[PDB]
>>> print(open('structure_9.txt').read())   # compact mmCIF, C-alpha atoms and all ligand atoms
# COMPACT_ATOMS: atom_id res chain seq x y z
CA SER A 1 1.75 -2.04 -23.18
CA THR A 2 3.44 -0.59 -20.11
CA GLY A 3 2.83 2.23 -17.65
CA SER A 4 5.09 4.20 -15.33
CA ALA A 5 3.92 6.67 -12.69
CA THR A 6 5.65 8.59 -9.93
CA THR A 7 4.31 8.10 -6.41
CA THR A 8 4.84 10.85 -3.81
CA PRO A 9 4.66 10.79 0.01
CA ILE A 10 1.64 12.70 1.36
CA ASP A 11 3.55 14.16 4.30
CA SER A 12 6.94 14.35 6.04
CA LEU A 13 6.48 10.95 7.70
CA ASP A 14 5.77 8.94 4.51
CA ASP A 15 2.38 8.07 6.04
CA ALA A 16 1.11 7.11 2.58
CA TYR A 17 1.91 7.72 -1.07
CA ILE A 18 -0.23 9.26 -3.82
CA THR A 19 -0.05 8.56 -7.55
CA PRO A 20 -1.84 10.66 -10.19
CA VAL A 21 -4.50 8.73 -12.13
CA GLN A 22 -6.48 9.91 -15.16
CA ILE A 23 -10.18 9.01 -15.13
CA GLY A 24 -12.76 9.72 -17.82
CA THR A 25 -12.92 11.78 -21.01
CA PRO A 26 -11.64 14.46 -21.02
CA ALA A 27 -9.24 13.32 -18.32
CA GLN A 28 -9.97 14.06 -14.67
CA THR A 29 -6.75 13.63 -12.67
CA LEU A 30 -7.12 12.35 -9.10
CA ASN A 31 -4.34 11.46 -6.68
CA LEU A 32 -4.95 7.90 -5.48
CA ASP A 33 -3.39 5.72 -2.79
CA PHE A 34 -2.20 2.56 -4.53
CA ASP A 35 -2.98 -0.25 -2.09
CA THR A 36 -1.66 -3.80 -2.62
CA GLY A 37 -3.73 -4.79 0.45
CA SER A 38 -7.19 -4.14 -1.06
CA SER A 39 -9.00 -4.57 -4.37
CA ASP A 40 -11.36 -1.63 -4.87
CA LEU A 41 -10.68 1.47 -7.01
CA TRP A 42 -12.82 4.08 -5.31
CA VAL A 43 -12.88 7.86 -5.50
CA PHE A 44 -14.25 10.99 -3.93
CA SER A 45 -16.92 12.13 -6.36
CA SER A 46 -19.79 14.48 -7.15
CA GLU A 47 -21.92 11.95 -5.21
CA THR A 48 -19.92 12.12 -1.97
CA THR A 49 -21.86 13.59 0.98
CA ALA A 50 -20.81 17.25 0.96
CA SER A 51 -19.98 17.44 4.68
CA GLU A 52 -17.56 14.53 4.19
CA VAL A 53 -15.46 16.27 1.53
CA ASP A 54 -12.73 18.69 2.63
CA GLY A 55 -10.20 19.62 -0.04
CA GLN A 56 -10.16 16.41 -2.09
CA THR A 57 -10.43 16.53 -5.86
CA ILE A 58 -13.60 14.77 -6.95
CA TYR A 59 -14.51 12.65 -9.96
CA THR A 60 -17.63 13.91 -11.74
CA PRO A 61 -19.02 11.14 -13.99
CA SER A 62 -21.54 13.49 -15.63
CA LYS A 63 -18.59 15.41 -17.13
CA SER A 64 -17.10 12.27 -18.68
CA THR A 65 -18.25 11.19 -22.14
CA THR A 66 -17.07 7.64 -21.46
CA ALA A 67 -18.66 7.16 -18.00
CA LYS A 68 -21.56 4.71 -17.67
CA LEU A 69 -23.49 3.82 -14.53
CA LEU A 70 -23.01 0.17 -13.64
CA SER A 71 -26.69 -0.19 -12.86
CA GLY A 72 -27.56 -1.76 -9.53
CA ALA A 73 -23.98 -2.23 -8.36
CA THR A 74 -22.99 -1.02 -4.89
CA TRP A 75 -19.86 -1.36 -2.76
CA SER A 76 -18.86 -1.02 0.87
CA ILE A 77 -15.43 -1.56 2.38
CA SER A 78 -13.76 -1.41 5.76
CA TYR A 79 -10.00 -1.31 6.24
CA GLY A 80 -7.70 -2.55 8.99
CA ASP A 81 -7.41 0.90 10.58
CA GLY A 82 -11.18 1.04 11.04
CA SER A 83 -11.75 3.45 8.15
CA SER A 84 -14.53 2.80 5.64
CA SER A 85 -16.35 4.03 2.55
CA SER A 86 -19.27 3.00 0.34
CA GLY A 87 -21.26 4.01 -2.73
CA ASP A 88 -22.24 3.06 -6.26
CA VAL A 89 -20.27 2.24 -9.42
CA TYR A 90 -19.47 3.63 -12.87
CA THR A 91 -17.38 2.15 -15.62
CA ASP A 92 -14.97 4.53 -17.31
CA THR A 93 -11.56 4.74 -18.96
CA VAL A 94 -8.70 4.85 -16.45
CA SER A 95 -5.06 5.57 -17.24
CA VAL A 96 -2.01 5.18 -14.99
CA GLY A 97 1.36 6.41 -16.19
CA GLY A 98 0.31 6.08 -19.83
CA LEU A 99 -1.32 2.65 -19.47
CA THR A 100 -5.01 2.76 -20.34
CA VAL A 101 -7.81 0.40 -19.32
CA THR A 102 -11.29 0.78 -20.80
CA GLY A 103 -14.37 -0.37 -18.88
CA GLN A 104 -12.71 -0.11 -15.46
CA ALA A 105 -15.02 -0.17 -12.45
CA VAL A 106 -14.68 3.21 -10.77
CA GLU A 107 -16.41 3.04 -7.40
CA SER A 108 -17.97 6.39 -6.54
CA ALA A 109 -18.12 7.19 -2.82
CA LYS A 110 -21.41 8.35 -1.37
CA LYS A 111 -20.02 8.12 2.17
CA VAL A 112 -16.51 8.09 3.63
CA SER A 113 -15.36 7.82 7.24
CA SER A 114 -13.72 10.71 9.06
CA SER A 115 -10.11 9.62 8.46
CA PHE A 116 -10.69 9.95 4.71
CA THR A 117 -12.38 13.35 5.05
CA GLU A 118 -9.46 14.58 7.16
CA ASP A 119 -6.85 13.56 4.62
CA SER A 120 -7.21 16.22 1.95
CA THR A 121 -4.27 14.76 -0.01
CA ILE A 122 -5.91 11.41 -0.87
CA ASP A 123 -8.66 11.49 -3.52
CA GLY A 124 -9.34 7.74 -3.31
CA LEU A 125 -7.75 4.30 -3.41
CA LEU A 126 -6.57 2.05 -6.23
CA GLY A 127 -6.50 -1.54 -5.03
CA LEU A 128 -3.86 -3.94 -6.30
CA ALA A 129 -4.59 -7.10 -4.28
CA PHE A 130 -6.43 -10.00 -5.90
CA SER A 131 -9.86 -9.31 -7.41
CA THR A 132 -11.47 -11.92 -5.14
CA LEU A 133 -11.39 -9.22 -2.41
CA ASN A 134 -13.31 -6.67 -4.48
CA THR A 135 -16.46 -5.53 -2.61
CA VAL A 136 -18.79 -4.66 -5.50
CA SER A 137 -22.15 -6.44 -5.30
CA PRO A 138 -23.93 -8.27 -6.87
CA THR A 139 -21.28 -8.53 -9.60
CA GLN A 140 -17.71 -8.50 -8.27
CA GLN A 141 -15.31 -6.32 -10.28
CA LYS A 142 -11.71 -6.63 -11.43
CA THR A 143 -8.80 -4.47 -10.30
CA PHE A 144 -7.00 -2.09 -12.63
CA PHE A 145 -4.09 -4.56 -12.75
CA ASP A 146 -6.28 -7.54 -13.57
CA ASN A 147 -7.97 -5.59 -16.37
CA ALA A 148 -4.60 -4.36 -17.69
CA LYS A 149 -2.96 -7.79 -17.64
CA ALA A 150 -4.06 -8.76 -21.13
CA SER A 151 -2.35 -5.75 -22.69
CA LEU A 152 0.80 -5.75 -20.52
CA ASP A 153 4.16 -6.80 -21.95
CA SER A 154 4.63 -8.90 -18.81
CA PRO A 155 1.97 -9.60 -16.14
CA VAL A 156 3.75 -7.67 -13.39
CA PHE A 157 3.82 -4.39 -11.54
CA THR A 158 6.59 -3.04 -9.33
CA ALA A 159 6.66 -0.82 -6.25
CA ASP A 160 9.70 1.37 -5.68
CA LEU A 161 8.76 3.56 -2.73
CA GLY A 162 10.99 6.39 -1.58
CA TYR A 163 12.20 7.31 1.89
CA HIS A 164 11.19 10.96 2.32
CA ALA A 165 11.18 11.15 -1.47
CA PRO A 166 9.12 10.21 -4.52
CA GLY A 167 9.26 6.74 -6.01
CA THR A 168 7.70 4.79 -8.87
CA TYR A 169 4.98 2.29 -9.73
CA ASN A 170 5.64 0.50 -13.04
CA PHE A 171 3.24 -1.78 -14.89
CA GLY A 172 4.21 -4.41 -17.39
CA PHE A 173 8.02 -4.31 -17.12
CA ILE A 174 10.88 -4.62 -14.64
CA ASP A 175 13.26 -1.62 -14.70
CA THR A 176 16.68 -3.24 -14.34
CA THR A 177 18.22 0.18 -13.57
CA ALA A 178 16.01 0.64 -10.50
CA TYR A 179 17.70 -1.93 -8.25
CA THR A 180 21.12 -3.31 -7.36
CA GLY A 181 22.17 -6.96 -7.29
CA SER A 182 19.60 -9.62 -8.16
CA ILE A 183 15.89 -10.00 -7.45
CA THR A 184 14.95 -12.86 -5.12
CA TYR A 185 11.51 -14.33 -5.83
CA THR A 186 9.38 -16.07 -3.25
CA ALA A 187 6.07 -17.95 -3.39
CA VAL A 188 2.72 -16.23 -2.97
CA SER A 189 -0.50 -17.65 -1.59
CA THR A 190 -3.67 -16.01 -2.92
CA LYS A 191 -5.91 -18.03 -0.57
CA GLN A 192 -6.84 -14.93 1.45
CA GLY A 193 -6.79 -12.55 -1.55
CA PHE A 194 -3.51 -10.88 -0.53
CA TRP A 195 0.09 -10.86 -1.75
CA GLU A 196 0.84 -13.30 1.07
CA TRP A 197 4.32 -14.76 1.42
CA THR A 198 6.66 -16.22 4.05
CA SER A 199 9.77 -14.42 5.22
CA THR A 200 12.66 -16.67 6.27
CA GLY A 201 13.58 -14.69 9.38
CA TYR A 202 15.05 -11.53 10.86
CA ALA A 203 17.93 -9.77 12.55
CA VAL A 204 18.05 -6.76 14.87
CA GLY A 205 20.88 -4.34 14.11
CA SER A 206 24.19 -6.17 13.87
CA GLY A 207 22.79 -9.21 15.69
CA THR A 208 22.66 -12.76 14.43
CA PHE A 209 20.01 -13.76 11.93
CA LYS A 210 17.15 -15.79 13.41
CA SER A 211 15.81 -18.34 10.93
CA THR A 212 12.06 -18.49 11.47
CA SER A 213 9.07 -18.51 9.13
CA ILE A 214 6.96 -15.35 9.21
CA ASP A 215 3.84 -15.42 7.06
CA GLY A 216 2.64 -11.96 6.08
CA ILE A 217 1.35 -9.69 3.34
CA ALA A 218 3.07 -7.11 1.15
CA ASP A 219 0.83 -4.09 1.69
CA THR A 220 1.67 -0.69 0.21
CA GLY A 221 -1.47 0.71 1.84
CA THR A 222 -0.21 0.11 5.39
CA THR A 223 2.35 2.58 6.76
CA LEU A 224 4.18 0.46 9.33
CA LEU A 225 5.74 -2.97 9.73
CA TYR A 226 3.55 -5.29 11.87
CA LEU A 227 5.24 -8.47 13.10
CA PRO A 228 4.77 -11.08 15.84
CA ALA A 229 5.12 -9.85 19.40
CA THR A 230 8.21 -11.99 19.96
CA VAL A 231 10.02 -10.35 17.03
CA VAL A 232 8.91 -6.82 17.94
CA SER A 233 9.93 -7.25 21.59
CA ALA A 234 13.39 -8.42 20.50
CA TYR A 235 13.75 -5.30 18.35
CA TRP A 236 12.62 -2.72 20.93
CA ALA A 237 14.64 -4.41 23.70
CA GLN A 238 17.71 -2.98 21.92
CA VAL A 239 16.46 0.63 22.32
CA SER A 240 17.02 2.20 25.76
CA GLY A 241 13.74 3.42 27.18
CA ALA A 242 11.51 1.86 24.52
CA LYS A 243 8.18 0.49 25.71
CA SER A 244 4.72 -0.41 24.51
CA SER A 245 2.20 2.18 25.64
CA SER A 246 -1.49 1.31 25.79
CA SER A 247 -2.34 5.03 25.98
CA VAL A 248 -0.45 5.82 22.77
CA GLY A 249 -1.38 2.56 21.05
CA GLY A 250 1.98 0.90 20.49
CA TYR A 251 5.71 1.04 20.94
CA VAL A 252 7.28 4.39 21.68
CA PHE A 253 10.90 5.31 22.33
CA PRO A 254 12.89 8.32 23.56
CA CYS A 255 13.43 10.71 20.66
CA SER A 256 17.09 10.93 21.77
CA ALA A 257 17.65 7.28 20.78
CA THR A 258 19.56 5.95 17.80
CA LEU A 259 17.51 3.11 16.33
CA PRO A 260 19.04 -0.15 15.11
CA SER A 261 18.36 -1.45 11.63
CA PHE A 262 15.98 -4.38 11.08
CA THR A 263 16.74 -7.12 8.56
CA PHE A 264 14.14 -9.48 7.05
CA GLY A 265 14.77 -12.62 5.03
CA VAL A 266 13.51 -13.38 1.54
CA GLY A 267 14.74 -16.87 0.81
CA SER A 268 18.51 -16.68 1.34
CA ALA A 269 18.44 -12.92 0.62
CA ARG A 270 18.34 -10.20 3.26
CA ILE A 271 16.63 -6.79 3.08
CA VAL A 272 17.92 -4.24 5.58
CA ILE A 273 15.60 -1.51 6.86
CA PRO A 274 17.76 1.38 8.15
CA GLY A 275 17.06 2.55 11.70
CA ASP A 276 16.01 5.95 10.37
CA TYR A 277 13.07 4.39 8.52
CA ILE A 278 11.67 3.08 11.83
CA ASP A 279 11.50 6.55 13.47
CA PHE A 280 8.02 8.07 13.05
CA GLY A 281 8.81 11.11 15.14
CA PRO A 282 7.14 12.73 18.13
CA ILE A 283 3.82 11.20 19.23
CA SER A 284 2.41 14.74 19.38
CA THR A 285 3.95 18.06 18.37
CA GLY A 286 6.87 18.90 20.64
CA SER A 287 6.91 15.58 22.48
CA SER A 288 10.17 13.86 23.42
CA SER A 289 8.47 10.47 23.00
CA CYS A 290 8.67 9.14 19.45
CA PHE A 291 6.49 6.56 17.72
CA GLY A 292 7.96 3.31 16.45
CA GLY A 293 7.75 2.05 12.89
CA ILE A 294 7.76 -1.61 13.92
CA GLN A 295 4.66 -2.65 15.85
CA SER A 296 3.04 -5.87 17.03
CA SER A 297 0.61 -7.70 14.77
CA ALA A 298 -0.94 -9.49 17.77
CA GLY A 299 -4.20 -7.54 17.63
CA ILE A 300 -4.54 -7.70 13.82
CA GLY A 301 -4.49 -11.38 12.97
CA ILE A 302 -1.95 -11.05 10.17
CA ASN A 303 1.63 -9.85 9.79
CA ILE A 304 1.96 -6.87 7.47
CA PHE A 305 5.03 -5.81 5.52
CA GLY A 306 3.87 -2.22 5.07
CA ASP A 307 5.66 0.81 3.66
CA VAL A 308 8.42 0.81 6.32
CA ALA A 309 9.60 -2.55 4.96
CA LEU A 310 8.69 -2.17 1.30
CA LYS A 311 10.44 1.20 0.85
CA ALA A 312 13.75 -0.50 1.69
CA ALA A 313 13.41 -2.66 -1.46
CA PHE A 314 12.52 -2.77 -5.12
CA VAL A 315 9.45 -5.04 -5.04
CA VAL A 316 8.04 -7.07 -7.94
CA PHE A 317 4.41 -8.16 -7.80
CA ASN A 318 4.37 -10.99 -10.33
CA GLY A 319 0.79 -11.73 -11.42
CA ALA A 320 1.63 -14.62 -13.73
CA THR A 321 -0.49 -17.78 -13.48
CA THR A 322 1.74 -18.82 -10.59
CA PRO A 323 2.10 -15.55 -8.68
CA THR A 324 5.29 -14.62 -6.86
CA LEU A 325 6.88 -11.67 -5.08
CA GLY A 326 10.39 -10.43 -5.80
CA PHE A 327 12.64 -8.30 -3.59
CA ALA A 328 15.90 -6.55 -4.49
CA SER A 329 18.11 -4.03 -2.74
CA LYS A 330 18.30 -0.55 -4.21
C1 LIG B 1 -7.60 2.90 3.40
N1 LIG B 1 -6.58 2.01 3.95
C2 LIG B 1 -5.98 0.89 3.31
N2 LIG B 1 -5.10 0.36 4.12
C3 LIG B 1 -5.11 1.11 5.29
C4 LIG B 1 -4.19 0.80 6.43
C5 LIG B 1 -3.65 2.06 7.10
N3 LIG B 1 -3.01 2.96 6.10
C6 LIG B 1 -2.65 1.72 8.20
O1 LIG B 1 -1.44 1.94 7.96
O2 LIG B 1 -3.10 1.22 9.26
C7 LIG B 1 -6.02 2.12 5.18
>>> encode(input="structure_9.txt", output="structure tokens")
Amino acid sequence: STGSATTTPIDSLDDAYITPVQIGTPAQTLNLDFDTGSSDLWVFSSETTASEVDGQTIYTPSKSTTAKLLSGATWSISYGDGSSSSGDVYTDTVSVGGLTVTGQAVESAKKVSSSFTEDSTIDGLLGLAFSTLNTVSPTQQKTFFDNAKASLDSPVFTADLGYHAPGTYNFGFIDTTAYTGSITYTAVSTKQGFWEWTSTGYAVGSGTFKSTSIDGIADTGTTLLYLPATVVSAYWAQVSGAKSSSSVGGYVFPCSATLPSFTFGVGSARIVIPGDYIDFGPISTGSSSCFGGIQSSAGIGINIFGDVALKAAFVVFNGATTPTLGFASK
């Protein structure tokens, strides 16, 4: 089996991407945020506190002939941005881009934090990190990808995120027309439950490449690129007027600036993030101060190759017995 689904930015800044997912029988289509940095598939539902729902499409298990309560199971998750949600659990049939899994744990939200309520475009999350991070208790559940693996032609999925444009998530195959050149694969550690790998270094604009090991995670659910303070300072030092602002919460720069590109290493390969991808626009409507797409990881505890980095590449999440990550230009 394979699946192929288009993923679409939620707004003009590519803050996140939504992918339509069919749940239940007859199908209920919800737009979910595919997140390679977490391992829960959870949805706004008929059980979600009414005051915490504002425009989202909800899953109603009572309208699905294939839904079954997973009796006694509960879940509760917090994310790196401080957002959170919790609830109970159903099993149901879930299909992504034509690929169907039966008996998938669909985590029904009873409560969601304000950031979720305020984002009317996101109907839930579909986690694609390792199942060891799944929060369901007392019986931990498998991700959509882990459940699908047995049926897939190849135990892989790929992320091909667009810049100000739709992209694609594929399951079970590598689309050789979707990238240029060759794919460079690099080792993954699953010790922390993430797609964790080690970049071989970086360059700022046309500057020389600095060979240095940067351990981090490939996280489609994080918007920006979070790197060590040394690296981030070297980048922003090349932008006149750029500074880290405690009031704003990170690096800002004059909107009149032209931003340099940022290159990261994958083995001997090099992925170039265009300067344009690092401009997140005015900090508030009408401001002449713009927010940077490369930020320090110093307050996070982990480096994160979020959408800013991943969108510059065709990315292969290889879930074979020995997992690896592949990057190609596109
Ligand atoms: C729900 N969620 C999953 N990951 C996040 C991270 C968040 N999108 C950020 O960029 O900081 C939120």
>>> residues_around(input="structure_9.txt", residues="segment 63-65 of chain A", least_positions_apart="4", cutoff="8 Å", atoms="all atoms listed in the file", output="PyMOL selection string")
chain A and resi 24-27
>>> residues_near_ligand(input="structure_9.txt", ligand="ligand LIG 1 (chain B)", cutoff="9 Å", atoms="all atoms listed in the file", output="PDB file with C-alpha atoms, in the coordinates of the input")
ATOM      1  CA  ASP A  15       2.380   8.070   6.040  1.00  0.00           C
ATOM      2  CA  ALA A  16       1.110   7.110   2.580  1.00  0.00           C
ATOM      3  CA  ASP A  33      -3.390   5.720  -2.790  1.00  0.00           C
ATOM      4  CA  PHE A  34      -2.200   2.560  -4.530  1.00  0.00           C
ATOM      5  CA  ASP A  35      -2.980  -0.250  -2.090  1.00  0.00           C
ATOM      6  CA  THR A  36      -1.660  -3.800  -2.620  1.00  0.00           C
ATOM      7  CA  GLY A  37      -3.730  -4.790   0.450  1.00  0.00           C
ATOM      8  CA  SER A  38      -7.190  -4.140  -1.060  1.00  0.00           C
ATOM      9  CA  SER A  78     -13.760  -1.410   5.760  1.00  0.00           C
ATOM     10  CA  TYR A  79     -10.000  -1.310   6.240  1.00  0.00           C
ATOM     11  CA  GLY A  80      -7.700  -2.550   8.990  1.00  0.00           C
ATOM     12  CA  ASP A  81      -7.410   0.900  10.580  1.00  0.00           C
ATOM     13  CA  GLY A  82     -11.180   1.040  11.040  1.00  0.00           C
ATOM     14  CA  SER A  83     -11.750   3.450   8.150  1.00  0.00           C
ATOM     15  CA  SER A  84     -14.530   2.800   5.640  1.00  0.00           C
ATOM     16  CA  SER A  85     -16.350   4.030   2.550  1.00  0.00           C
ATOM     17  CA  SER A 115     -10.110   9.620   8.460  1.00  0.00           C
ATOM     18  CA  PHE A 116     -10.690   9.950   4.710  1.00  0.00           C
ATOM     19  CA  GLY A 124      -9.340   7.740  -3.310  1.00  0.00           C
ATOM     20  CA  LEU A 125      -7.750   4.300  -3.410  1.00  0.00           C
ATOM     21  CA  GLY A 127      -6.500  -1.540  -5.030  1.00  0.00           C
ATOM     22  CA  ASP A 219       0.830  -4.090   1.690  1.00  0.00           C
ATOM     23  CA  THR A 220       1.670  -0.690   0.210  1.00  0.00           C
ATOM     24  CA  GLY A 221      -1.470   0.710   1.840  1.00  0.00           C
ATOM     25  CA  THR A 222      -0.210   0.110   5.390  1.00  0.00           C
ATOM     26  CA  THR A 223       2.350   2.580   6.760  1.00  0.00           C
ATOM     27  CA  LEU A 224       4.180   0.460   9.330  1.00  0.00           C
ATOM     28  CA  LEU A 225       5.740  -2.970   9.730  1.00  0.00           C
ATOM     29  CA  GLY A 306       3.870  -2.220   5.070  1.00  0.00           C
ATOM     30  CA  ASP A 307       5.660   0.810   3.660  1.00  0.00           C
TER      31      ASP A 307
END
>>> residues_around(input="structure_9.txt", residues="residue 119 of chain A", least_positions_apart="2", cutoff="10 Å", atoms="all atoms listed in the file", output="ChimeraX atom specification")
/A:10,53-56,114-117,121-123
>>> atom_distance(input="structure_9.txt", atom1="atom CA of residue 133 of chain A", atom2="atom CA of residue 193 of chain A")
5.7 Å
>>> residues_around(input="structure_9.txt", residues="residue 110 of chain A", least_positions_apart="6", cutoff="7 Å", atoms="only C-alpha atoms", output="number ranges by chain")
A: 47-49, 86-87
>>> atom_distance(input="structure_9.txt", atom1="atom CA of residue 299 of chain A", atom2="atom CA of residue 191 of chain A")
21.1 Å
>>> decode(input="structure_9.txt", residues="segment 130-155 of chain A", atoms="N, CA and C atoms", output="compact mmCIF listing (two decimals), in the first residue's frame")
# COMPACT_ATOMS: atom_id res chain seq x y z
N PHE A 130 8.25 8.74 17.18
CA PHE A 130 8.22 7.32 17.54
C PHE A 130 7.15 7.07 18.61
N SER A 131 6.54 5.89 18.56
CA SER A 131 5.37 5.62 19.39
C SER A 131 5.68 5.61 20.89
N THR A 132 6.96 5.51 21.23
CA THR A 132 7.38 5.59 22.63
C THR A 132 7.05 6.94 23.28
N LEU A 133 6.75 7.96 22.47
CA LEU A 133 6.32 9.26 23.02
C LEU A 133 4.81 9.39 23.16
N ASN A 134 4.05 8.40 22.71
CA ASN A 134 2.60 8.50 22.78
C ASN A 134 2.13 8.61 24.23
N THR A 135 1.18 9.50 24.50
CA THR A 135 0.77 9.80 25.89
C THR A 135 -0.42 9.01 26.43
N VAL A 136 -0.99 8.09 25.65
CA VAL A 136 -2.16 7.36 26.13
C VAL A 136 -1.78 6.44 27.28
N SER A 137 -2.63 6.47 28.31
CA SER A 137 -2.44 5.69 29.53
C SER A 137 -3.75 4.95 29.82
N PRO A 138 -3.68 3.72 30.35
CA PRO A 138 -2.51 2.98 30.81
C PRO A 138 -1.84 2.14 29.72
N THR A 139 -2.41 2.15 28.52
CA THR A 139 -1.93 1.34 27.42
C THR A 139 -1.49 2.29 26.30
N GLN A 140 -0.17 2.43 26.13
CA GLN A 140 0.38 3.34 25.12
C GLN A 140 -0.02 2.88 23.73
N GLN A 141 -0.31 3.84 22.85
CA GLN A 141 -0.81 3.54 21.51
C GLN A 141 0.21 3.86 20.42
N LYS A 142 0.02 3.22 19.28
CA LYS A 142 0.88 3.39 18.11
C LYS A 142 0.44 4.54 17.21
N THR A 143 1.41 5.19 16.58
CA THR A 143 1.11 6.23 15.59
C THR A 143 0.49 5.63 14.34
N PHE A 144 -0.11 6.51 13.55
CA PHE A 144 -0.65 6.13 12.25
C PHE A 144 0.41 5.44 11.40
N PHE A 145 1.62 6.01 11.37
CA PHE A 145 2.72 5.44 10.60
C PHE A 145 3.14 4.06 11.09
N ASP A 146 3.26 3.90 12.41
CA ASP A 146 3.61 2.59 12.93
C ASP A 146 2.54 1.55 12.62
N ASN A 147 1.26 1.91 12.73
CA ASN A 147 0.20 0.98 12.35
C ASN A 147 0.21 0.66 10.85
N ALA A 148 0.50 1.65 10.02
CA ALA A 148 0.51 1.47 8.57
C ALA A 148 1.67 0.64 8.06
N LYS A 149 2.76 0.60 8.83
CA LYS A 149 4.04 0.07 8.34
C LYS A 149 3.92 -1.30 7.71
N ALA A 150 3.10 -2.15 8.32
CA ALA A 150 2.96 -3.53 7.87
C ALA A 150 2.41 -3.62 6.45
N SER A 151 1.57 -2.67 6.08
CA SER A 151 0.94 -2.69 4.76
C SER A 151 1.72 -1.89 3.73
N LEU A 152 2.63 -1.03 4.17
CA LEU A 152 3.36 -0.15 3.24
C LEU A 152 4.33 -0.88 2.32
N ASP A 153 4.44 -0.42 1.08
CA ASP A 153 5.39 -0.99 0.14
C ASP A 153 6.81 -0.90 0.68
N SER A 154 7.11 0.23 1.31
CA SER A 154 8.40 0.49 1.94
C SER A 154 8.11 1.26 3.23
N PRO A 155 8.88 0.99 4.31
CA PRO A 155 8.54 1.55 5.62
C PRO A 155 9.02 2.99 5.79
